[PDB]
């Protein structure tokens, strides 16, 4: 027990809990702090929310709302054990799956998503938005050389959302699927959306910079780097999105999904989301559900909405991260 005191000395430079930034009130997280062991994977997400509220930096941002922020976090999810769809609040995946299938097809036409009643990109394709981005000659909803285009045609000159870019640009997706299939030990299996040259032509730069894969013992793992992370609204979907993507790639390559690793760069919490998050942090996670993919789909391009099924999703009630009434 002699070690006990050395521990105390070694903390001689951790000063008072007043300069702990943002005047946070304990009482707002009693349930959260009462817990002794918080091993449910959802706590990787929640714990970051807590850290950002308790130790975050007060910054302004492109929007003006104002946010609390920290830099550099990492979360790990075991897809062979569960599907990480947050349970402390309700989530729907139809949208993000349609978005994902949309990316895989190399599409950049927002209308396609809107006709499926998926408005994820609606705000980024208005006349006003496009014009504020200086894309005066861009048709409404023509998102530009974003994700989809970069995944299948990186390098190709973007014209418009109706053009036929076949055999133009580098088809990264096709490439990584081949690398996992034929060269599984390669340390060069990356998918990159951050095309430096086309950034200003995109409705807006991608938040998911890159994905890198790892193959071992017939199991595929994925690491995704996110430059800007909206813990309140974005991240929950980002986690789901790539977990699903890892499953698909894993399948069409005859492998089993393993770890989905999420690296957060600029991790922020929008001030106008704080009340909702407080509420959320005091809810105890339910066991995660599972994801089922039609097994007959052998090509990454042959997936359709009906080939995805989420089972046993037990979750708390829906929460608007921006409550008024």
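Positions refer to the first chain, counted from 1.
Note on 295-303 vs 26-34: mean CA B-factor is higher in 26-34.
The deposited model assigns a higher average Cα B-factor to 15-23 than to the other stretch when 304-312 and 15-23 are compared. Out of 267, 261, 65, 46, the entry records its largest CA B-factor for 65.
For the set 246, 167, 80, 172, the PDB entry assigns the largest Cα B-factor to 167. Split the chain's modelled residues into thirds by C-alpha temperature factor. Residue 139 is in the lowest one. For residue 254, the recorded CA temperature factor ranks within the highest third of the chain's modelled residues. Residue-level temperature factors show residue 128 in the highest third of its chain, judged at the C-alpha atom. In the PDB entry, residue 58 places in the highest third of its chain by CA B-factor. Residue 183 sits in the middle third of its chain by CA B factor, as recorded in the PDB entry.
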